[PDB]
Amino acid sequence: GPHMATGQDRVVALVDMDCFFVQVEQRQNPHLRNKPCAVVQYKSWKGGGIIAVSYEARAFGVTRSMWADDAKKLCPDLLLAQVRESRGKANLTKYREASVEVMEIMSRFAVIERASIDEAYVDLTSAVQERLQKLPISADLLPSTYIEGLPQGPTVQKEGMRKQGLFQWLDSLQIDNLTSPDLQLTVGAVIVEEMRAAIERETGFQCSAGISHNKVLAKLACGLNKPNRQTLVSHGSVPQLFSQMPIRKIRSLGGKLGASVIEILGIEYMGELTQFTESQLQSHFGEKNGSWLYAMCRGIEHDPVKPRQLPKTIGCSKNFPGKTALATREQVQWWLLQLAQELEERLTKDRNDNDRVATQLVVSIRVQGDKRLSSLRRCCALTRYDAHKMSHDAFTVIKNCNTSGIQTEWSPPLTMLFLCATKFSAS
DNA sequence: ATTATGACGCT
DNA sequence: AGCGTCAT
Ligand SMILES: Nc1ncnc2c1ncn2[C@H]1C[C@H](O)[C@@H](CO[P@](O)(=S)OP(=O)(O)OP(=O)(O)O)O1
Ligand SMILES: [Ca+2]
């Protein structure tokens, strides 16, 4: 009771851009706005692989990982934008630069953790304290906010439902104590409305957001009312929310571990985890995972928002599927050079922008016949930002992977090359 | 023949 | 270090 931690100490938000590469292309090309459209990379094999889909196109069943030719079967009027090709490969610079636009705006409000190209966590605990001292919260301050779990108790069109939930929530708020976690989340949501308004004003991009007491709940919250809306998941909302929430929906449980939780414990939903002792969960899933699961199923998580706005690595990779697999030494060296020249370009820009230098080069390849995504990974020193040097260095660290007796040929053929700059130091 | 990324845990 | 897992 009196000593029972409730994980209500922080206000954390997760901001997730909607259909982000699509929005980047729609900003650039007005003709794509408010249309079923997708972003595709390459075009020769089956029309290209889809990596992003507008919500209009999702209504037809178009998804990521679909070939454009097949998506066209579902949606004949589907519009497509192609990822830039440079030096023979897809080049994601446009989307990395758009990401920086959003991340810099978010950083005006609080220190962010860059989670992916279009997602960032923010710890709003301090900003909420400040806003609290400056002030009753009007519904007008929360025009795109859902309160998860509401309305409840004794019209039915979506905006009506949203407002009815929001009204129940605000009506229940004890606003006179500056210590109420629910009030803190609410003020957090007011700030996120402001952040999201600024992102849209200043970039043209819309996004969704979750507000809760930790990163995992904020992330879960965010997805509950995509797109262009934000969702508040209170501590009190967790038992009902988790009672029907498949374990795989929770960040880090969407893979083998999550499947093992389901299989070993014979459960389906996050809420069912509460019936196990911490020691029981540790016994099955290890010390760290077990403690993490015990707290998480009660809505409690302690992973901090890390103050990191920049990626920790800068990498360049290309697959050579089917019989495009690299079988000659000339081929291997040409493509290592292409990758190295892109890497050099991005590295030089990074050093100018961000006052840092990578010190380690990681070289990864895949060989035809291997089932793993990476067959072999070797590091060497990265001492100069020089593409010819990096490509030569990469070749020497992998050249003995060639089982071919003659060194004019490469065997078994390479189906992936990967160069990654790591271990940055200030400069 | 999804591809091109990127963070973090394990030993 | 090199490899595996999990995620955009
Ligand atoms: N598997 C994969 N390969 C390549 N690029 C990807 C992949 N997944 C996502 N992305 C890119 C393209 C996306 O626009 C961008 C962000 O991914 P996410 O957030 S999973 O999806 P979005 O396109 O932003 O739609 P959504 O967030 O509104 O659901 O990363
Ligand atoms: Ca997104």
# chains A, B, ... in the order shown; residues from 1 in each chain; ligands from 1
call {"tool": "interface_residues", "arguments": {"of": "chain A", "to": "chain C", "cutoff": "10 Å", "atoms": "only C-alpha atoms (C1' of nucleotides)", "output": "ChimeraX atom specification"}}
result
/A:115-119,251-257,372,374-379
call {"tool": "residues_near_ligand", "arguments": {"ligand": "ligand 2", "cutoff": "12 Å", "atoms": "only C-alpha atoms (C1' of nucleotides) and all ligand atoms", "output": "PyMOL selection string"}}
result
(chain A and resi 14-24+51-55+95+99+115-120+205-209+219+222-223+226-228) or (chain C and resi 8)
call {"tool": "closest_residue", "arguments": {"among": "A:150, A:83, A:32, A:314", "to": "ligand 1", "atoms": "only C-alpha atoms and all ligand atoms"}}
result
A:83
call {"tool": "interface_residues", "arguments": {"of": "chain A", "to": "chain B", "cutoff": "10 Å", "atoms": "only C-alpha atoms (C1' of nucleotides)", "output": "count of residues only"}}
result
32
call {"tool": "atom_distance", "arguments": {"atom1": "CA of residue 351 in chain A", "atom2": "CA of residue 97 in chain A"}}
result
15.2 Å
call {"tool": "atom_distance", "arguments": {"atom1": "CA of residue 177 in chain A", "atom2": "CA of residue 132 in chain A"}}
result
9.7 Å
call {"tool": "atom_distance", "arguments": {"atom1": "CA of residue 406 in chain A", "atom2": "CA of residue 327 in chain A"}}
result
11.7 Å
call {"tool": "residues_around", "arguments": {"residues": "residue 423 in chain A", "least_positions_apart": "2", "cutoff": "9 Å", "atoms": "only C-alpha atoms (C1' of nucleotides)", "output": "count of residues only"}}
result
9
call {"tool": "select_by_dssp", "arguments": {"residues": "range 3-41 of chain A", "states": "strand (DSSP E or B)", "output": "ChimeraX atom specification"}}
result
/A:12-17,37-41
call {"tool": "select_by_dssp", "arguments": {"residues": "range 211-373 of chain A", "states": "alpha helix (DSSP H)", "output": "ChimeraX atom specification"}}
result
/A:215-222,238-243,256-265,278-285,287-296,329-354
